[PDB]
Amino acid sequence: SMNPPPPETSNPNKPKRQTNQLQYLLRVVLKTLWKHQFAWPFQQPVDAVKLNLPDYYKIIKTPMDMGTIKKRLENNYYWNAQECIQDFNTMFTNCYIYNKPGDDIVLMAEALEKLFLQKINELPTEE
Ligand SMILES: CC1(CCC(=O)NCc2nc3ncccc3[nH]2)N=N1
């Protein structure tokens with residue numbers, strides 16, 4: 001039931017950019033979800049020890065969370081918006097895969113995902 005090292009948030013040789021779409025992903029998308037009453041389970045990697053989920057990392061092999069995403073955005077880790085959008089979708093999908101319909105954690109993810117979809121719908125044109 002040990003925890004893996006977190007997903008990478010720093011890699012100097014990896015290519016990155018600062019673009020208007022990525023700026024929107026930080027200023028609008030992340031900020032909106034981060035402040036939500038249901039954000040707290042998703043603000044850091046799943047701690048399988050603390051949450052007593054010893055099978056978690058036997059099932060979820062591409063873990064993702066908003067703490068990781070926040071650091072990726074703030075530390076200019078990404079090349080493009082698609083990469084960051086994929087991280088959010090991974091985070092939601094992991095939750096749905098591991099858990100059961102109507103679990104509280106799933107209801108929480110669904111509420112965050114609703115807002116995510118609304119904001120991604122208005123992702124600005126690349127400048
Ligand atoms: C609501 C609950 C208690 C029950 C619980 O641990 N369920 C499993 C679980 N899946 C998760 N996916 C992402 C983040 C946290 C997660 N926890 N406190 N998390």
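Just the heavy atoms: all of them, side chains too, but no hydrogens, waters or symmetry mates, feed the values below. Numbers here are sequence positions counted from 1. Each ligand, and each atom within it, is numbered from 1 in the order the structure gives.
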Handout entry: SB check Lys114 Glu110 (cutoff 4.0 Å)
Key = no
Exercise for the section: Ignoring hydrogens and angles, tell me if any N or O in the side chain of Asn3 forms a donor-acceptor pair with the backbone of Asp47 under 3.5 Å. Expected result: no
Exercise for the section: Without swapping roles, check the side chain of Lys58 against the backbone of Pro54 for a donor-acceptor pair under 3.5 Å. Expected result: no
Problem - Listed once per pair and sorted, the salt bridge (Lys or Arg N to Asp or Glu O under 4.0 Å) pairs that draw on residues 75-102, sequence neighbours left out - result: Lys14-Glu83, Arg72-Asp87, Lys100-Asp103
Exercise for the section: Over all heavy atoms of both residues, which pair between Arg17 and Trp79 is shortest? Give the atoms and the distance, please. Expected result: NE-O, 2.8 Å
Where does ligand 1 get N/O contacts under 3.5 Å from the protein, atom by atom?
unit_1, atom_1, unit_2, atom_2, d
ligand 1, 10 (N), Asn99, ND2, 3.0

Exercise for the section: Could you tell me whether the side chain of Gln21 and the main chain of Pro124 form a donor-acceptor pair under 3.5 Å? Expected result: yes
